[PDB]
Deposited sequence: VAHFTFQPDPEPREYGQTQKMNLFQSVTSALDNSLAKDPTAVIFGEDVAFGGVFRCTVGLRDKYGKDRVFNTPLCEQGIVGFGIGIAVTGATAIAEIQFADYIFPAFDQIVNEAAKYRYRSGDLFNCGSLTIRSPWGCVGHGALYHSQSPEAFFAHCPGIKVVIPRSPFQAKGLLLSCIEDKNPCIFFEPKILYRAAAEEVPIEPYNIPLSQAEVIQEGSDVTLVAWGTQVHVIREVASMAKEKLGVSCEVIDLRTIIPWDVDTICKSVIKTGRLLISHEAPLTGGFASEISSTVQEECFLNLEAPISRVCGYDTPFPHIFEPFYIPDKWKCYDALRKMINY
């Protein structure tokens, strides 16, 4: 495997990432009688087991399958949300969110603005599996966040662990803006840790510094956080370099202030993501940090990303911005 998963709110119990999603969903339906969950295949628990037992607990009118039509799922979701009911839609793989692109970008994101706040779909959240999975190839691997980041009016949120997932998903569900929640599917069974049983929230648009450091700032999100955490340990051991490791968490609106504050301290920045380099969200972080931190930057900002290709099947080990690719770029940046 290319990563290793590692690491106050009442009683907790061991949950993997898919279980933490179920727990968020369950807490949500318990609290909010309007809330419904729907998608292609959610009734009997879903492909990744994220909705197991919810239909039996809450009823077939609240946890139900739609026809196989992503554009419809999102339009339908918008519609529910227009009435003020909580609509939690699932798109089975992030790769299949594109048929819904018009409903998300032209409709959901602009609903409140274009009406003068006479109507909104703030109570919509779209959750979807995301990211590489070892053998997903072109259409079961994709990381579409950069496409959505260029759309004012939506939020895009990506967690790194079961604890982070449940808190961030609850915040999306309760946030008064349409939210896309991308669940890193490679962690569904892999990452396991103590998760509060009862509801809690983690704030949106707030990065998390998971490790303080002084020579360089490392930024990623989802699974890639675990990669840069390892890269930090590699850098300490092999180079004597102290790395500050940051999980962005919310892609838009993003926490410009946390990232810039870190870079003022360290003077160097490397951003990593699985998505292709060109047009990827690392460009927006790099360009912003450069504007705000120009007098502190001792070296060019590094982007260690996927190549500008579709996501391959057999070649995945060579495609992904793994710990060695990140480490080598970090080394070169430190030597600058």
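Chemist: Spell out the unmodelled ranges of the deposited sequence for me, N- to C-terminal, numbering from the first residue.
Modeler: Residues lacking C-alpha coordinates: 1, 9 to 13.
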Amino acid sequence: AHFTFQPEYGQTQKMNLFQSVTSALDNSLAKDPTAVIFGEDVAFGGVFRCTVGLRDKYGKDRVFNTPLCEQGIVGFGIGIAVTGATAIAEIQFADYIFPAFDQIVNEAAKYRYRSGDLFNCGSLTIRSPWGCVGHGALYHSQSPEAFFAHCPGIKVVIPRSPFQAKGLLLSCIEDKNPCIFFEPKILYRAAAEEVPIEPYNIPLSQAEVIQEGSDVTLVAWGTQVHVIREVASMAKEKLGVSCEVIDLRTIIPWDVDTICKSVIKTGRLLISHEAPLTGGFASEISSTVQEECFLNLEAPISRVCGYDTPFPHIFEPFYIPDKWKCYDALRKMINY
From here on, numbers count along this sequence of modelled residues.
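In this text, the rigid core denotes the largest set of C-alpha atoms whose superposition between the two forms falls within 1.5 Å.
Chemist: Output the stretch, either 187 to 195 or 114 to 122, that has more C-alpha displacement from this form in 9 other deposited structures of this protein following superposition by the rigid core.
Modeler: This comes out as 187 to 195, the stretch further from the shown form in 9 other deposited structures of this protein.
Chemist: Can you tell me whether 251 to 259 has a higher mean C-alpha B factor than 139 to 147 in this record, or the other way round?
Modeler: According to the PDB entry, the answer is 251 to 259.
Chemist: Give the stretch, out of 168 to 176 and 240 to 248, with the larger mean C-alpha temperature factor in the deposited entry.
Modeler: Taking the mean B-factor of the alpha carbons in each, 240 to 248 is higher.
Chemist: Which one of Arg114, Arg127, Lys265, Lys155 shows the biggest C-alpha B-factor in the PDB entry?
Modeler: Answer for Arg114, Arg127, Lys265, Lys155: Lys265, with the highest C-alpha B-factor.
Chemist: Going by the deposited entry, which of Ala43, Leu68, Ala282, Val289 has the highest CA temperature factor?
Modeler: The C-alpha B-factor peaks, among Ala43, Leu68, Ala282, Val289, at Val289.
Chemist: Should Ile37 be placed in the lowest, middle or highest third of its chain by the C-alpha B factor in the entry?
Modeler: According to the entry, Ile37 has a C-alpha B-factor in the chain's lowest third.
Chemist: Just say lowest, middle or highest third for the CA B-factor of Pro199 relative to the other modelled residues in its chain.
Modeler: It belongs to the highest third of the chain when residues are ordered by C-alpha B-factor.
Chemist: Grab the CA temperature factor for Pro162 from the record and place it in the lowest, middle or highest third of its chain.
Modeler: Middle third of the chain for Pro162's C-alpha B-factor.
Chemist: By its CA B factor, does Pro310 count among the lowest, middle or highest third of the modelled residues in the chain?
Modeler: Lowest third - that is where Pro310 ends up once the chain's C-alpha B-factors are sorted.
Chemist: Please place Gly77 in the lowest, middle or highest third of its chain according to the CA B-factor in the PDB entry.
Modeler: It belongs to the lowest third of the chain when residues are ordered by C-alpha B-factor.
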